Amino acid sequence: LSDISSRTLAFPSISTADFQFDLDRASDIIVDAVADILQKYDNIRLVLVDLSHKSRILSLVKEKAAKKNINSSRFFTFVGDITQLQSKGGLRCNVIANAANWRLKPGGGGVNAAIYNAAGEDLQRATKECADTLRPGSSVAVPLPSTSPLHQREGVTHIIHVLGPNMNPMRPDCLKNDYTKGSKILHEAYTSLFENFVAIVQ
């Protein structure tokens, strides 16, 4: 097997800040999507990250993962900045997920701003070579050039942009609390993410 860092994905909670997706529902969906992928693929590790130790989504996911008896060597939560996992967290993760916007543009606050700021213009060049847009519930894997400061400092080799459902009425494709559709699309976003990650590993 390759090194563990090469088989580790760190991801943030998609859709639950700027996109205002309900945390209780999101946490159920995270744990179900994680359980589903770990049932299929060996030798991967998944790490849910959020910036604050008071994170409500981390607390919910921990509770639910314990109830569901998810294998805690293969999935766990971690407090940290997704762009500083090795340097500040002490945890090397080669692949990270981004909660993107549909046009795959930098900025916009949230984790998307942080990732593009850390990665620099290399990520915008590389992303434009892979895809021009995302639709909700889908993702795209982008190899991160070795010249990127994020690669040099944190060992990140790939970023997977993911577009989750949007519940925020001041953002594109707002679902107006259609959580039937919303829940399906967030399930799809996580499965798409995890499948892209597995396709990088194997």
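The numbering used is simple: start at 1 and walk along the sequence shown.
A.B. asks: According to the deposited model, is the average Cα temperature factor higher in 12 to 20 or in 176 to 184?
C.D. replies: Higher mean C-alpha B-factor in the PDB entry: 176 to 184.
A.B. asks: Where do the C-alpha atoms have the higher mean temperature factor in this entry, in 71 to 79 or in 127 to 135?
C.D. replies: Mean B over CA atoms: larger for 127 to 135.
A.B. asks: Compare the CA B factors listed in the entry for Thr157, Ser148, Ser27, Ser55 and report the winner.
C.D. replies: Reading the PDB entry, the winner on C-alpha B-factor is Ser148.
A.B. asks: Between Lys62, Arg45, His161, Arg153, which one tops the list for C-alpha B-factor in the PDB entry?
C.D. replies: Among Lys62, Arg45, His161, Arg153, the PDB entry lists the largest C-alpha B-factor for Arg153.
A.B. asks: Report the third (lowest, middle or highest) to which the CA temperature factor of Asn196 belongs, ranking only the modelled residues of the same chain.
C.D. replies: Lowest third - that is where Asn196 ends up once the chain's C-alpha B-factors are sorted.
A.B. asks: Please place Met170 in the lowest, middle or highest third of its chain according to the CA B-factor in the PDB entry.
C.D. replies: It belongs to the highest third of the chain when residues are ordered by C-alpha B-factor.
A.B. asks: Please say which third, lowest, middle or highest, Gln84 falls into when its CA temperature factor is compared across its chain.
C.D. replies: Middle third of the chain for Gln84's C-alpha B-factor.
A.B. asks: Divide the modelled residues of the chain into thirds by Cα B-factor and specify which third, lowest, middle or highest, holds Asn98.
C.D. replies: Answer is lowest: the recorded C-alpha B-factor places it there.
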